[PDB]
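Okay, so here's just one chain, in structure tokens, the form deposited in one PDB entry.
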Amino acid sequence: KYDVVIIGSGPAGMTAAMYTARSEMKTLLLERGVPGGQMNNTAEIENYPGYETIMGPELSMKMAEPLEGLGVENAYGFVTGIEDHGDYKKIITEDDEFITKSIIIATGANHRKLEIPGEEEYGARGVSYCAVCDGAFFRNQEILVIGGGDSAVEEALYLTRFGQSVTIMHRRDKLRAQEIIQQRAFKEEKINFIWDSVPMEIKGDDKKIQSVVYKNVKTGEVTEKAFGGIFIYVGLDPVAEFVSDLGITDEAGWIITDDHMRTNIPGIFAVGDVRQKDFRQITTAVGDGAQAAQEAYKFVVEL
């Protein structure tokens, strides 16, 4: 009844849907929230070819714009499950079911948690996983950013707009971030570093964060230091709970595909960050999305 349903409207899904709709496939694009996915939690995007710098939510709007007009059917849905009946598939949301010949899973990835004490207790009140969302609540604070990759270092640079100081705590003595971003952080006077360390405890009042306890991973030296905010960027977990049962995931829960975005299950493809892969970028989300869209077209034609 749908030719293709695409689950998730971040850049991978939105590219897939644009392409399926241009192949005049009966296209459903389901998204639980706002079109744009992680791009809406990104302040400044500098590496999307075609734009020299653009706010994440502006790029989100631009990618979402033509979809209506191409005839993609955009709809709210939180997908809870998928059933492989052989020549059709059923997608289950909170209130609905949808029948489709093919599915493109584009549901992305989510912030990994530290799993330390205080992390949940201070969720509304000093702990954040999103700088563009929360940063201005930390004006004049001493902010702490945990992690050494692209997200930690970029989001630290952004947060220097608000904080008195921003400190990056990384568990080794070399960052994983792109060298250009590393160099910017090294040069920025409002960024400090706690190398070779991991956080152990986040402490505060009833009402807000006050301090973090942490450990040096080469010596075991333990330190406690005052901070007003903590932003955590320690990696990603897959957002694929609705396919746990299906046999298409690895041990960590990422969706396994071949190089044409095919899973085990014929007619089910996956694209973008939710796939098992090392390189998570808008450019490769877009690429994945287009390739899936073409493979879906062909799968459906063969049917």
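The first residue of the sequence shown is number 1, and the count goes up from there.
Below, we refer to the form deposited in another entry, which is not included among the displayed structures.
*Asks:* Comparing the chain between this form and the one not shown, one rigid part rotates relative to the other; which of 235, 68, 188, 78 lies at the hinge?
*Replies:* That leaves 235 as the hinge residue.
*Asks:* Did residue 42 and residue 160 drift closer or farther in the other entry, going by a CA distance change of 3 angstroms or more?
*Replies:* Note: Cα gap between residue 42 and residue 160 widens in the other entry.
*Asks:* Are residue 181 and residue 278 closer or farther apart at the Cα level in the other entry than shown, by 3 Å or more?
*Replies:* Closer, not farther.
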